[PDB]
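> Sequence first, structure after, both from an experimental entry:
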Amino acid sequence: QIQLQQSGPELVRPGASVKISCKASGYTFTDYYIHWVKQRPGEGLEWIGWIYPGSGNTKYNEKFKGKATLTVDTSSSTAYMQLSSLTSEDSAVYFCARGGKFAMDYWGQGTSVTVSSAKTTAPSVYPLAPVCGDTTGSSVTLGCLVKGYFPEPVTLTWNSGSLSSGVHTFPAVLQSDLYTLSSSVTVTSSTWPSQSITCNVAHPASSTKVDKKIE
Amino acid sequence: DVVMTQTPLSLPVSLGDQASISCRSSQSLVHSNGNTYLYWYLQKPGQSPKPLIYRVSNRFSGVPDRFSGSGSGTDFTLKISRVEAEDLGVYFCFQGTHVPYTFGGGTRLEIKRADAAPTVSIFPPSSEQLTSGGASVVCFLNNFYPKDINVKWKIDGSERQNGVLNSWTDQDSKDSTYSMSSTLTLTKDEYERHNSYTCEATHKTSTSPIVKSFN
């Protein structure tokens, strides 16, 4: 029944513009407001503004007027939001939501806009072996650092799939238009060095690396 | 803009517990028409917010009767009476009475757990990286509880602010602990300009900083 189904370009260069759509279904488009909201990950929600599809009237958040422009096409019951002159501060997930004038009830799924000047870049995968001597008790923790890649995602696997216990893959952070990810694997002291551990890293947008933690 | 403050910002709960979150506005949300436009939404870790309470106390349709909103003017309260695993996520209150509409900061409900001190492990740059020209020192602070940890890099006794990237895992599925990764990036002939690199962490479990270091 009621669905706001979003869709709108997601990797963009700074200074460009991106138009994100929100096709509504399961209810009469014309009777409700479409509200748009921005979320910068690890953070809260900001209300951008709304449109009334019946009249085409809008109200914007002072902060976003000029940046966001809101538009509806009542023949297809699809609403749009164009962001302009993008900067990094604009990389967030944007949501349209159906609502009445003052508040929204049912939200669309989100559209992630990532602003970066990068080209497709194969990662540099780096082995992170234990510092030296004066360390380990029952366990030794090894790590894989994979950096400078664009776009997301990568697959990091430890010994081609088994060695599921003890690993933590941290979420990738964008820093200076490329991403870095890292993974720890903790194993028992009679397992490493003796039994070799490799980290396997794959990047759909390019090709695969398999790196052994020696020493 | 009206400010909305939510309390707590993190609420550990054993399943089956009662739980209360609160939302305070910097001014009354009673509107001229008598209605108070205070809404509460739940964002579950990988998706869009879902509506729960409309105009201070009315539940939306399929919201379980366990949820209850209360409050007036500027102080409002959400309460969950017998929390369930499907209720874990972030809670936000929303005021639609004043333009621009504003959300509260969020309150994450999480599973209570015993305190666990972190496992800190520092990693010098790899031969591989230094040959390529860069130097990333990586510090992994694995498996602790509560989430509040404060980590700092001090290279040769100076606290370095610039160049560290941090990443956190969600609360662990079968463990309830947290993990963090902190990476410090320098250039080879810059890393070569100093020698002790320290990664000290402060956490509830220890009155002394947890210090890992090398030369």
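Structure's in. What do you need? Numbering: from 1, shown residues only, chains lettered A, B, ... in the order given.
> Look up how far residue B:2 lies from the one residue in chain A that gets nearest to chain B.
Nearest to chain B, among the residues of chain A, is residue A:102, at 3.3 Å (CB to the nearest CB). Every residue, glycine included, has its C-beta placed from N, CA and C. Separation of residue A:102 from residue B:2 (CB to CB, to the nearest Å): 13 Å.
> between these two, who's got more neighbours?
For residue A:102 versus residue B:2, neighbours defined as other CB atoms under 10 Å in any protein chain shown are more numerous around residue A:102 (22 against 16).
> wait, that one sits on residue B:97?
Yes - using CB atoms under 8 Å, residue A:102 is in contact with residue B:97, at 6.9 Å.
> Not counting sequence-adjacent ones, nearest residue to the residue of chain A closest to chain B?
Nearest non-adjacent residue to residue A:102, counting by CB to CB, 6 or more residues apart in numbering or on different chains: residue B:96, 3.3 Å away.
> Where does chain B get nearest to chain A, residue-wise?
Closest contact between chain B and chain A, by CB to the nearest CB, is at residue B:96 (3.3 Å).
> In this structure that residue contacts residue B:39, no?
Yes - at 6.6 Å, residue B:96 counts as touching residue B:39 under the criterion of CB under 8 Å.
> between these two, what contacts are shared?
Between them, residue B:96 and residue B:39 share these contacting residues under CB atoms under 8 Å, 6 or more residues apart in numbering or on different chains: residue A:103.
> just to revisit the earlier point, what residues are shared contacts of residue A:102 and residue B:2?
By CB under 8 Å, 6+ apart, residue A:102 and residue B:2 have these common neighbours: residue B:97.
> Give me the domain ranges for chain A.
Each domain of chain A is listed here as a residue range: A:1-117, A:118-215, per curated CATH domains.
> now do chain B
Listed by curated CATH domains, the domain ranges of chain B are B:1-113, B:114-215.
> is chain A contacted by the shortest one?
Yes - shown here: domain B:114-215 in contact with chain A (CB under 8 Å from any CB of the partner chain) through B:119, B:121-126, B:128-129, B:132, B:136, B:138, B:140, B:142, B:165-169, B:172, B:179-181, B:183, B:212, B:214.
> got the contact list for the longest helix anywhere in chain B?
Identified as the longest helix of chain B according to DSSP state H is helix B:127-132. Where contact means CB under 8 Å, 6+ apart, the residues beyond helix B:127-132 that reach it are A:124, A:126-127, A:145, B:135-136, B:188, B:191.
> go again using 10 Å as the cut-off
Residues outside helix B:127-132 that contact it (CB atoms under 10 Å, 6 or more residues apart in numbering or on different chains): A:124-129, A:145, A:147, A:211, A:214-215, B:124-126, B:135-136, B:185, B:188-189, B:191-192.
> I'd like the distance from it to the chain centre, please.
Distance, stretch centre to chain centre, for helix B:127-132: 35 Å (CA atoms, centre = their mean, to the nearest Å).
> Return the set of buried residues in that helix.
Within helix B:127-132, the residues scored as buried using 16 or more other CB atoms under 10 Å in any protein chain shown are B:129-130.
> Now do the contacts for residue A:143.
By CB under 10 Å, 6+ apart, the contact set of residue A:143 is A:126-130, A:167-168, A:170, A:182-186, A:199, A:213, B:121, B:123, B:138, B:140, B:181.
> What strand or helix carries it?
Per DSSP states H and E: residue A:143 is located in strand A:139-149.
> partners of the helix or strand that that strand is followed by in the sheet?
Using DSSP H and E, the next helix or strand after strand A:139-149 towards the C-terminus is strand A:155-157. Strands that pair with strand A:155-157, judged by DSSP bridges, come out as strand A:198-202 (antiparallel).
> orientation of the partner strand relative to strand A:139-149 in degrees?
20 degrees (axes from the mean of the first three to the mean of the last three CA atoms, to 10 degrees).
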